[PDB]
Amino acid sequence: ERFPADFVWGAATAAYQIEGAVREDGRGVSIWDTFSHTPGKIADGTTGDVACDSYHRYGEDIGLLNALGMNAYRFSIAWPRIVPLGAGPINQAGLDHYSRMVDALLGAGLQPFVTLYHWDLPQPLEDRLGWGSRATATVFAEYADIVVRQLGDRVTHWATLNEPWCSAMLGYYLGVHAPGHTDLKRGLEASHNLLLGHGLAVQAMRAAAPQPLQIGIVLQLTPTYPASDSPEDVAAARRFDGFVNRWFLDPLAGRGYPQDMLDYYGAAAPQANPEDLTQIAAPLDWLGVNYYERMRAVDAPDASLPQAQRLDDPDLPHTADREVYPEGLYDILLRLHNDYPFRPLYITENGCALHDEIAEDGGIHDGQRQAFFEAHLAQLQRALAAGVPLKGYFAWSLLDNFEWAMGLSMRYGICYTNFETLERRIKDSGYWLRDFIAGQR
């Protein structure tokens, strides 16, 4: 029935998806400015140039969080605002902005859970190979140092990266995200330098921090299940689970990269000496899990790597873009708790997209998103019952925003955003979370 009295209850955003003001106050160009302004990369012709205008309107966002009765806010700092050339001088105006926002949050009783990297690499680094270069890892750590030096007296809970799987594989292998490259080896290289940048940043942050910090990383985990028990389908399930989950979990847990995946990738695998793996395993205080979906895998010998395709289940509900499988959240947490060293855990994202509209009465009747929260929160109670050391939950997203290659067309918010007027309105699911949280707090 109940969560811990000190549980963290929040919603989450990322800077490029919400802030707009892309050229204001010294902000540099990010790979997502370049990519979103490249014809055809975004589905609907939109960019993050305005987005939710949260650079100017984070006060309104704070208003929503307050109305929701939350006690925490997960957001990202734009590297392009802080070090506009990527490696070079800081931009004090960038840091001052986030300093005021942090003060605003704390004054409202909202604990800032800051993400340092949620995909907006400065374009000057990409011009020197981006995550294809080990130098990018070094200058990421420098950036992590600068930020914590200035805001670490107030922010205790930091995440280095959000979802390196996406940054590496969507960004450099499949080409669907910025910067838009299409080479496996480049993707795997990028995964390594992300992980290294992570490890280097943790160490830098601990040395720069004016007080002890609780430092984590955020991974999206996709629990994977074989469509049948055939050696073929089981193998496919393993390969997918390795491609998405274990590739990151293992080296973070000090276990190296998974040998099966090393064998599968062959010459495409990155060059990973033992000093880098030691750095990548820098001790963490927590792990963030982003959870959206499962993968029910059939072998797909003719598809590209990892030769494993989703077997649709028409009995399960689907959202605008995903199948709903709440039981996967219990499953992956049970696996983390029993099989890996990370603890405590936070659900740093969970939510869904729907064809939301403002109805005649003025509300947004998103009952399927309410049912989505209710079901996933129920699985978290089960996970807690089994001893999973879960300390918080953040809904993705606080508000409808720029959904990457889908643009402004794919609405994930618990608040509706009118992108013309910038008015936000709380959806019915948001009111349900309010009332649920108020019962738990």
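Note that residue numbering begins at 1 and tracks the sequence as displayed.
Taking the mean C-alpha B-factor of each stretch as recorded, 137-145 and 205-213 are not equal, and the higher mean is that of 205-213. Higher mean CA temperature factor between 318-326 and 258-266: 258-266, per the PDB entry. Of the candidates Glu293, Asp356, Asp120, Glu275, the one whose C-alpha carries the top B factor in the deposited record is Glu275. Taking the deposited Cα B-factors for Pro223, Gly86, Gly288, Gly367, the highest one is held by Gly86. In this PDB entry, the Cα temperature factor of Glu420 sits in the top third of its chain's modelled residues, the highest group. For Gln381, the recorded CA temperature factor ranks within the highest third of the chain's modelled residues.
Annotation for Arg238: C-alpha temperature factor in the middle third relative to the rest of the modelled chain, per the entry. Ranked by Cα temperature factor within the chain, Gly351 sits in the lowest third according to the deposited record.
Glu126: CA B factor in the middle third of modelled residues in this chain (values from the PDB entry).
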